[PDB]
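*Asks:* Just passing along the structure, written as structure tokens.
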Amino acid sequence: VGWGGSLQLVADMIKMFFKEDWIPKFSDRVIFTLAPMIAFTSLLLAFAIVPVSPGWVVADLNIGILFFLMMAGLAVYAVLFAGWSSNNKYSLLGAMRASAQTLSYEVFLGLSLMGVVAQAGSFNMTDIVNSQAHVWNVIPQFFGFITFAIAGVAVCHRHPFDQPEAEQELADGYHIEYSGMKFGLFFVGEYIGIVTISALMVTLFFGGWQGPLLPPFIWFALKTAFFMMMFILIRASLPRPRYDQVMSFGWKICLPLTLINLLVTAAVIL
Amino acid sequence: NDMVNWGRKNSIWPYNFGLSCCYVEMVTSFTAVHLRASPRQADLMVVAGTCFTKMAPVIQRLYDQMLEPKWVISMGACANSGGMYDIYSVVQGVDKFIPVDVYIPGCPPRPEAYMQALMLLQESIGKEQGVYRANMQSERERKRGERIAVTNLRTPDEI
Amino acid sequence: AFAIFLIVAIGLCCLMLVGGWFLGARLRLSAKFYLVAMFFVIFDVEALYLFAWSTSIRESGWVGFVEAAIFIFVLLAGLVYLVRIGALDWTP
Amino acid sequence: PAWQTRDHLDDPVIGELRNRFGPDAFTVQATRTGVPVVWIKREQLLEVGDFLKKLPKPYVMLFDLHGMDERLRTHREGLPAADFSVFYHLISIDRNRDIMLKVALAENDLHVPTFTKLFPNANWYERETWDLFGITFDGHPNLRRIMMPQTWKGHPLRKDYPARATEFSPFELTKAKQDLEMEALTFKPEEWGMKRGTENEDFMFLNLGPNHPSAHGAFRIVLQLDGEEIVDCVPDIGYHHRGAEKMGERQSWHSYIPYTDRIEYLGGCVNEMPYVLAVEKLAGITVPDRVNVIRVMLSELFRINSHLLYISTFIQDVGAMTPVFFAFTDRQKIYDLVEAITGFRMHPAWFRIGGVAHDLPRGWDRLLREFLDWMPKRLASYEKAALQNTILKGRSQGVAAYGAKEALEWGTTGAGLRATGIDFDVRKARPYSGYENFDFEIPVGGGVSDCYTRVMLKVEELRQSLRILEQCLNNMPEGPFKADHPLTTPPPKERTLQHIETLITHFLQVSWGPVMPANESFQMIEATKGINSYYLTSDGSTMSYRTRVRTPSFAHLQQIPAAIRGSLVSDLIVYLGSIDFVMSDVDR
Ligand code: SF4
């Protein structure tokens, strides 16, 4: 039997390859093609700001945070041009409600990230990775960390569980009208999304490149693997939350939590 | 190279269209072998149950929706042919209007029959026409000397 | 650098798309109520002041925390206002 | 004997009807149904029904409405001259009695006044009569074809219509292109029911056909939407019509038995029990006690299986499905006992006319005892998991509730009807198969029928079934598994293999079929869902002349639009899940 977990994804990717592509009649063509890469390239270039190594840094630019937020905001357009390219009022309204809850739950990540970038005081990732030298920026900001966790798992990572189905009738999940390689593009996009959110979480909240007794790049890789396994454990444990309950525990509960988080960090930093 | 064939053997996506009856055994099979199956995404459609005259257009639209490489497994005697219901309201087999590749007799078939259907269907997918001059070998002919050599069976007054 | 990675990414996009080609009126009550997303459009602009704030806070000090508390208190008052009037509720 | 042909003319209802209407109109048939069958010209149907509805102990529930062809019956002693007939089976619960009314019709004037005004649930039944026969019911609100498509010419239950698909043209795809053209142009003519609302921007027409899981088969429920409200819901049923009733006319008494197993896929031997009971009532066969206890054992096992399936699916759809998936393994264990007895997991086809196919193998008692000691701890784990849970209990209260009167008028029987205050079981009112020597209770919900009441009642009935099954394990007596009578079909096989007269009886019984004398029988039982009955008419031949199968699920699915009117789509789906309906049962 197959001994590797990834070999299933390998066979799936091969399968999505070499599949005939059909043209949809009475449909726009540019957005039908462009909606996948707005979801794919965004979290692909979200990987361009990680300090994987001082000597093998992918990009030594001065600002990486704003690029991440720019991709976070851009991601919605993929669900919106997918909704309009569905050309079915059911599916279109399904993608409209999915983008609704998306914009609703994407609010929190910037305000949660303000705490760590304020105690870091810089946008260049070398300053953040040099800040976690003795004390990591996770002990004081428990609330900010969990709020960023909720926001990161809320961006089309299947935790809401309203993507391929709809709790509300008269509408349908927006992954139906794409069936060629674009569907494999969706899966690879969420895969690079989850691994890049995990990498950004480890390198921005915890301490990357520490190396207590072993070389620090494999220390980063193993810690990222532990957080990968914990993310998968809680994603599986997390049940599907209906649309209502998600709207109830959204803007009400975590906007005050992050506002008092900013108050706490601003009060303790001076 | 034939890597594409390995790709198609290794991974397949099943579209479960089981009807009123005969789907409880299919569920018994699916919950052991495996919300992933989605319309317009699968390349395998396991037609089970009695294909009724009224709902046959539904099966024809679902057949039209899937991509060019289409595989179909007929399960049960009610889907291979009309089965026991040779009546005005039952079509005499699903092969009348869609091409079929594998036929799984029974009423209802067993989950192990579904497992052997996946094994014979990856075996067929690994020899490419589609017949390829290899599918003339039949289970009637392959295990014939196995089945004829059977002499004794347990008496049916025991558990 | 970033430019090299961007060129690599766009070249991969061109390679996959070219390879793919070679491989071969009235809604009535439905929809509407996007105004939560409009609340996001305005609230992101509110939080953009905190986006600019978060870079320089050590030199800001006590009046900075004071007027940031006033700012988020105004936002909290507006939020509870929208909740209590019934604007922010169950939505289609 | 309890099978002898009686007229029931002495019954008090016969004398009350004789006093009110005097003489004439009434012809008292002689049958073995146990109930009074009366013929009533079509000009008195509404009078008779109205009088019976208000009679000092009224017939509150219309059990059945269907038609009979009757054209080819040579044995017609005592009946009036009829070329067609329509029968109406009514039941008085306060009398625990039934009455059957037959209206005779001639071939040139197939017209009868509609009965829906007294009992609304008759509407679809009359619609079926328009579909399967060609009787037009004047005064019917929506008289359309309910089983075949709207362009199907011919009435399939006429005897001049060829029964089998072979006599028609094969699937040449001549109709696939026309059905495709029709389906592509999906528009509403406003003929799908009343459709009071017009087709404009004000009202939206949505097929709303659930193809998702737990739907219990694929069906459509055309819905009119205004403000996301259920303005009018019209089900489109008949997709799973297999023509079982028509099939009954062209099969012998013995070879039809497999078809009974597929009226309800989950019922199994419960579906066979009424058929064998009716055939043995025609034969005049009294079975031994061992046959009775064996039949009770198999029926309580299948009933337990059905109750466990309903509980499992309900807890999974509106609650936490993590623990209850162990019941799936338990269902496999129940199956290993069934295929230990009968042979095959589903569709056992094990009951025979006069008995069962074989005796129990000698290791049956240890397996049943192991299942009976093992099950109660799991049953109490489900009892704590379901009585004490709060989330679904709070969610599942007052969700499209109705009362006793509402259940009575809509013909709804079973857990739905037991959820109201009417204490009516057939195993106590009309004991059959030796239930009268056992002690079990009928739980009842009070006056409100909802999902919590239904599951609590189903658990209590499962406990009573387990008490019956242990009493069957501890008091199984000794003796034969087949009655001693020339019409016991088949004979004991060891006797067939050695004795010439038994071999000849077996030869003609399995080849031409047993000759049952011309008479009409009728049996109803408590099924896994509601009350299921079989009305069989024989013309003296080896095949049934008319087979009528009353399934309660048809009524349960017909009732939803009356109660769910004024609710959301989510409440609709929850109600559809709650109601005990299976598509195979609705379309027979
Ligand atoms: S094959 Fe058997 S179980 Fe399946 S639908 Fe036909 S009769 Fe029912």
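The way I read the labels, and the way they are meant: chains A, B, ... in the order of the structure tokens, residue 1 as the first residue of every chain, and ligand 1 as the first ligand shown, with later ones counted on from there.
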Skipping near chain neighbours, those fewer than 5 positions away, what residues fall within 9 Å of residue 80 in chain C using only C-alpha atoms, listed as a PDB file with N, CA, C and O atoms, in the first residue's frame?
*Replies:*
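The result, written out as around_2.pdb:
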ATOM      1  N   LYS A 252     -19.367  40.833  17.045  1.00  0.00           N
ATOM      2  CA  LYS A 252     -19.755  41.182  18.408  1.00  0.00           C
ATOM      3  C   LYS A 252     -18.638  40.891  19.402  1.00  0.00           C
ATOM      4  O   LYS A 252     -18.307  41.732  20.245  1.00  0.00           O
TER       5      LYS A 252
ATOM      6  N   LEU C  75     -15.668  53.787  18.241  1.00  0.00           N
ATOM      7  CA  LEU C  75     -16.030  52.632  17.418  1.00  0.00           C
ATOM      8  C   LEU C  75     -16.933  51.657  18.169  1.00  0.00           C
ATOM      9  O   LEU C  75     -17.883  51.116  17.593  1.00  0.00           O
ATOM     10  N   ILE C  85     -30.003  48.991  17.386  1.00  0.00           N
ATOM     11  CA  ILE C  85     -31.067  49.466  16.505  1.00  0.00           C
ATOM     12  C   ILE C  85     -31.606  48.349  15.616  1.00  0.00           C
ATOM     13  O   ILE C  85     -32.699  48.494  15.052  1.00  0.00           O
TER      14      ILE C  85
END
*Asks:* May I ask you to write as a PyMOL selection string all residues lying at most 7 Å from ligand 1, with only C-alpha atoms and all ligand atoms counted?
*Replies:* (chain B and resi 21-22+48-50+76-79+83+106-108) or (chain D and resi 262)
*Asks:* Check which residues of chain D sit at most 8 Å from chain B using only C-alpha atoms, and return one row each with the closest pair of atoms and their distance in Å to one decimal, ordered by chain and rising number, as JSON lines.
*Replies:*
{"residue": "D:148", "atom": "CA", "partner": "B:54", "partner_atom": "CA", "distance": 7.3}
{"residue": "D:149", "atom": "CA", "partner": "B:54", "partner_atom": "CA", "distance": 7.0}
{"residue": "D:163", "atom": "CA", "partner": "B:87", "partner_atom": "CA", "distance": 6.3}
{"residue": "D:164", "atom": "CA", "partner": "B:87", "partner_atom": "CA", "distance": 4.4}
{"residue": "D:165", "atom": "CA", "partner": "B:88", "partner_atom": "CA", "distance": 4.5}
{"residue": "D:166", "atom": "CA", "partner": "B:86", "partner_atom": "CA", "distance": 7.3}
{"residue": "D:168", "atom": "CA", "partner": "B:88", "partner_atom": "CA", "distance": 7.7}
{"residue": "D:170", "atom": "CA", "partner": "B:92", "partner_atom": "CA", "distance": 7.7}
{"residue": "D:171", "atom": "CA", "partner": "B:96", "partner_atom": "CA", "distance": 6.2}
{"residue": "D:172", "atom": "CA", "partner": "B:96", "partner_atom": "CA", "distance": 7.6}
{"residue": "D:173", "atom": "CA", "partner": "B:97", "partner_atom": "CA", "distance": 6.9}
{"residue": "D:176", "atom": "CA", "partner": "B:57", "partner_atom": "CA", "distance": 6.7}
{"residue": "D:179", "atom": "CA", "partner": "B:57", "partner_atom": "CA", "distance": 7.0}
{"residue": "D:180", "atom": "CA", "partner": "B:57", "partner_atom": "CA", "distance": 6.9}
{"residue": "D:216", "atom": "CA", "partner": "B:20", "partner_atom": "CA", "distance": 6.5}
{"residue": "D:217", "atom": "CA", "partner": "B:20", "partner_atom": "CA", "distance": 4.9}
{"residue": "D:218", "atom": "CA", "partner": "B:19", "partner_atom": "CA", "distance": 7.4}
{"residue": "D:238", "atom": "CA", "partner": "B:54", "partner_atom": "CA", "distance": 7.8}
{"residue": "D:239", "atom": "CA", "partner": "B:54", "partner_atom": "CA", "distance": 5.4}
{"residue": "D:240", "atom": "CA", "partner": "B:52", "partner_atom": "CA", "distance": 6.3}
{"residue": "D:241", "atom": "CA", "partner": "B:89", "partner_atom": "CA", "distance": 6.4}
{"residue": "D:242", "atom": "CA", "partner": "B:89", "partner_atom": "CA", "distance": 5.8}
{"residue": "D:243", "atom": "CA", "partner": "B:89", "partner_atom": "CA", "distance": 6.6}
{"residue": "D:247", "atom": "CA", "partner": "B:87", "partner_atom": "CA", "distance": 7.5}
{"residue": "D:265", "atom": "CA", "partner": "B:21", "partner_atom": "CA", "distance": 5.6}
{"residue": "D:340", "atom": "CA", "partner": "B:159", "partner_atom": "CA", "distance": 6.2}
{"residue": "D:346", "atom": "CA", "partner": "B:108", "partner_atom": "CA", "distance": 7.6}
{"residue": "D:361", "atom": "CA", "partner": "B:157", "partner_atom": "CA", "distance": 5.3}
{"residue": "D:362", "atom": "CA", "partner": "B:158", "partner_atom": "CA", "distance": 6.7}
{"residue": "D:363", "atom": "CA", "partner": "B:159", "partner_atom": "CA", "distance": 6.3}
{"residue": "D:364", "atom": "CA", "partner": "B:159", "partner_atom": "CA", "distance": 7.8}
{"residue": "D:582", "atom": "CA", "partner": "B:20", "partner_atom": "CA", "distance": 7.6}
{"residue": "D:583", "atom": "CA", "partner": "B:20", "partner_atom": "CA", "distance": 6.4}
{"residue": "D:584", "atom": "CA", "partner": "B:20", "partner_atom": "CA", "distance": 6.0}
*Asks:* Limited to C-alpha atoms, could you put the picked residues into a file as a PDB file, in the first residue's frame?
*Replies:*
ATOM      1  CA  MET D 148     -47.111   8.318 -15.097  1.00  0.00           C
ATOM      2  CA  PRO D 149     -45.946  11.458 -16.924  1.00  0.00           C
ATOM      3  CA  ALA D 163     -48.656  -5.406 -18.185  1.00  0.00           C
ATOM      4  CA  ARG D 164     -45.043  -6.163 -19.079  1.00  0.00           C
ATOM      5  CA  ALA D 165     -42.497  -3.790 -20.596  1.00  0.00           C
ATOM      6  CA  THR D 166     -41.714  -6.358 -23.304  1.00  0.00           C
ATOM      7  CA  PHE D 168     -44.186  -1.995 -25.424  1.00  0.00           C
ATOM      8  CA  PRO D 170     -37.982  -0.868 -25.831  1.00  0.00           C
ATOM      9  CA  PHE D 171     -35.972   2.116 -24.595  1.00  0.00           C
ATOM     10  CA  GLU D 172     -35.270   3.451 -28.082  1.00  0.00           C
ATOM     11  CA  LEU D 173     -34.648   6.986 -26.712  1.00  0.00           C
ATOM     12  CA  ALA D 176     -35.509  10.795 -24.014  1.00  0.00           C
ATOM     13  CA  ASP D 179     -38.396  14.583 -22.226  1.00  0.00           C
ATOM     14  CA  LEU D 180     -35.169  16.542 -22.738  1.00  0.00           C
ATOM     15  CA  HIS D 216     -35.148   8.795   1.706  1.00  0.00           C
ATOM     16  CA  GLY D 217     -35.160   8.861  -2.091  1.00  0.00           C
ATOM     17  CA  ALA D 218     -35.125  11.524  -4.790  1.00  0.00           C
ATOM     18  CA  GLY D 238     -44.337   8.652  -8.417  1.00  0.00           C
ATOM     19  CA  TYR D 239     -40.685   8.597  -9.495  1.00  0.00           C
ATOM     20  CA  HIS D 240     -40.174   5.214  -7.766  1.00  0.00           C
ATOM     21  CA  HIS D 241     -43.272   3.451  -9.126  1.00  0.00           C
ATOM     22  CA  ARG D 242     -42.487  -0.228  -9.727  1.00  0.00           C
ATOM     23  CA  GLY D 243     -46.009  -1.420 -10.571  1.00  0.00           C
ATOM     24  CA  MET D 247     -47.287  -7.256 -10.954  1.00  0.00           C
ATOM     25  CA  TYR D 265     -36.828  -1.970   1.716  1.00  0.00           C
ATOM     26  CA  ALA D 340     -28.114 -17.100  10.126  1.00  0.00           C
ATOM     27  CA  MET D 346     -31.943  -8.035   3.011  1.00  0.00           C
ATOM     28  CA  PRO D 361     -30.903 -24.389  13.213  1.00  0.00           C
ATOM     29  CA  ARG D 362     -29.940 -25.816  16.558  1.00  0.00           C
ATOM     30  CA  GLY D 363     -27.605 -22.989  17.608  1.00  0.00           C
ATOM     31  CA  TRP D 364     -30.206 -20.224  17.372  1.00  0.00           C
ATOM     32  CA  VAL D 582     -39.765   6.115   2.463  1.00  0.00           C
ATOM     33  CA  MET D 583     -40.136   6.676  -1.282  1.00  0.00           C
ATOM     34  CA  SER D 584     -40.346   2.949  -2.042  1.00  0.00           C
TER      35      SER D 584
END
*Asks:* Report, in Å with one decimal, the straight-line distance from CA of residue 35 in chain C to CA of residue 143 in chain A.
*Replies:*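 So the two atoms, CA of residue 35 in chain C and CA of residue 143 in chain A, lie 27.8 Å apart.
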*Asks:* Tell me, as a PyMOL selection string, which residues lie within 12 Å of range 75-82 of chain A, counting only C-alpha atoms; anything in the same chain fewer than 4 positions away does not count.
*Replies:* (chain A and resi 27-46+68-71+86-88+91-106+155-156+163+173-178+182-183+186+189-190+193) or (chain C and resi 37)
*Asks:* Find the residues of chain D in contact range of chain A, meaning any atom within 9 Å when counting only C-alpha atoms, and list them as a list in words.
*Replies:*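 Taking only C-alpha atoms into account, residues 206, 208, 569 and 570 of chain D sit within 9 Å of chain A.
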*Asks:* Quick one: of A:269, A:9, A:58, A:221, who's nearest to residue 1 in chain C, counting only C-alpha atoms?
*Replies:* A:58
*Asks:* Please, which residues of range 31-158 of chain B, numbered as in this document, come out strand (DSSP E or B) from DSSP, as a list in words?
*Replies:*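 The residues of range 31-158 of chain B classed as strand (DSSP E or B) are residues 44, 45, 46, 47, 52, 71, 72, 73, 74, 75, 90, 102, 103 and 104 of chain B.
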*Asks:* Give me a file of those residues, with C-alpha atoms, as a PDB file, in the first residue's frame.
*Replies:*
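Saved to selection_8.pdb:
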ATOM      1  CA  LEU B  44     -17.087   7.500 -11.915  1.00  0.00           C
ATOM      2  CA  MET B  45     -20.862   7.076 -11.467  1.00  0.00           C
ATOM      3  CA  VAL B  46     -22.063   3.986  -9.569  1.00  0.00           C
ATOM      4  CA  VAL B  47     -25.609   3.562 -10.844  1.00  0.00           C
ATOM      5  CA  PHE B  52     -37.384   4.157 -13.259  1.00  0.00           C
ATOM      6  CA  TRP B  71     -16.855   5.412 -16.376  1.00  0.00           C
ATOM      7  CA  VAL B  72     -20.071   3.782 -15.166  1.00  0.00           C
ATOM      8  CA  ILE B  73     -20.562   0.880 -12.750  1.00  0.00           C
ATOM      9  CA  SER B  74     -23.977  -0.776 -12.815  1.00  0.00           C
ATOM     10  CA  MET B  75     -24.805  -2.435  -9.495  1.00  0.00           C
ATOM     11  CA  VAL B  90     -38.993   0.117 -15.281  1.00  0.00           C
ATOM     12  CA  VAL B 102     -18.668  -2.978 -15.559  1.00  0.00           C
ATOM     13  CA  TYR B 103     -21.723  -4.975 -14.448  1.00  0.00           C
ATOM     14  CA  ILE B 104     -22.150  -6.152 -10.849  1.00  0.00           C
TER      15      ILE B 104
END
*Asks:* Could you tell me which residues of chain A sit within 9 Å of chain C when counting only C-alpha atoms, and give me the result as an MDAnalysis selection string?
*Replies:* chainID A and resid 17:21 37 41 44:45 48 57:61 93 96:97 100:101 103:104 107 110:111 114:123 168 181 244 247:248 251:252 255:256 259:260 262:263 266:267 269:270
*Asks:* Taking only C-alpha atoms into account, name the residue in D:137, D:39, D:554, D:203 that is nearest to chain C.
*Replies:*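 Ranking D:137, D:39, D:554, D:203 by distance to chain C, first place goes to D:203.
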*Asks:* Taking only C-alpha atoms into account, find every residue of chain D that has an atom no more than 8 Å from chain C, and write it out as a PyMOL selection string.
*Replies:* chain D and resi 201-202+227
*Asks:* With a cut-off of 6 Å and counting only C-alpha atoms, select all residues of chain A in contact with chain B and give the selection as a PDB file with N, CA and C atoms, in the first residue's frame.
*Replies:*
ATOM      1  N   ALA A  11      -1.316  11.626  -6.739  1.00  0.00           N
ATOM      2  CA  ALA A  11      -2.186  10.976  -7.710  1.00  0.00           C
ATOM      3  C   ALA A  11      -3.358  11.877  -8.076  1.00  0.00           C
ATOM      4  N   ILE A  14      -2.114  14.438 -10.571  1.00  0.00           N
ATOM      5  CA  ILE A  14      -1.955  13.806 -11.879  1.00  0.00           C
ATOM      6  C   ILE A  14      -3.319  13.616 -12.525  1.00  0.00           C
ATOM      7  N   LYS A  15      -4.311  13.199 -11.735  1.00  0.00           N
ATOM      8  CA  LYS A  15      -5.644  12.976 -12.279  1.00  0.00           C
ATOM      9  C   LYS A  15      -6.228  14.268 -12.831  1.00  0.00           C
ATOM     10  N   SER A 179     -14.858  22.225 -12.979  1.00  0.00           N
ATOM     11  CA  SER A 179     -14.605  20.794 -12.909  1.00  0.00           C
ATOM     12  C   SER A 179     -13.351  20.337 -13.639  1.00  0.00           C
TER      13      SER A 179
END
*Asks:* Could you pull out the residues in range 25-178 of chain A that DSSP calls alpha helix (DSSP H) from the backbone, as number ranges by chain?
*Replies:* A: 30-45, 65-74, 76-86, 89-105, 108-120, 125-131, 142-154
